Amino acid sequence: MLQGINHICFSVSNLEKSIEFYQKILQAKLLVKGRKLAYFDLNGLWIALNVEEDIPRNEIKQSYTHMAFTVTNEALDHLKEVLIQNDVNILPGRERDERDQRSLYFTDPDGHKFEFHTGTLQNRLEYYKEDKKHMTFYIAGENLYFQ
């Protein structure tokens, strides 16, 4: 089996500009930088940036593939401000239901999509659990009267 997440690595075109984004925006802690790499600690997670300077980065804009980090509601508000102050590319979200809970989607300088999300997986499940529930009328097992 697998023992858990080891690291996540991002291919970047401009190591110094990306180091500043990962520090400023994702609040990652720098550990070591080289000529073509950077390692950071993000709340226990090992994040690596590796340079690929002349590669195409325009189809990445089409895919919803993304990574989300946990934030509170006030934190989301303060981070939207931060992403505005720092000229980050902020994506318009998909439509959301209230029970979806709040998110902010944005990308790094090379198009990797990130999200700040205020909920949990179980919230997302209780949400779907509740709507299954809303579509159930005979609780098999229940006792019916007048029979």
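Don't overthink the numbering: it's just position in the shown sequence, from 1.
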Between 101-109 and 27-35, name whichever shows the higher mean Cα B factor according to the PDB entry.
27-35
With B-factors read from the PDB entry, the higher C-alpha mean of 40-48 and 85-93 is in 85-93
Considering every modelled residue of the chain and its Cα B-factor in the PDB entry, is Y22 in the lowest, middle or highest third?
lowest
Would you please rank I55 by its C-alpha temperature factor against the other modelled residues of its chain and give the third it falls in: lowest, middle or highest?
highest
Within this chain's modelled residues, let me know which third the CA B factor of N123 belongs to: lowest, middle or highest.
middle
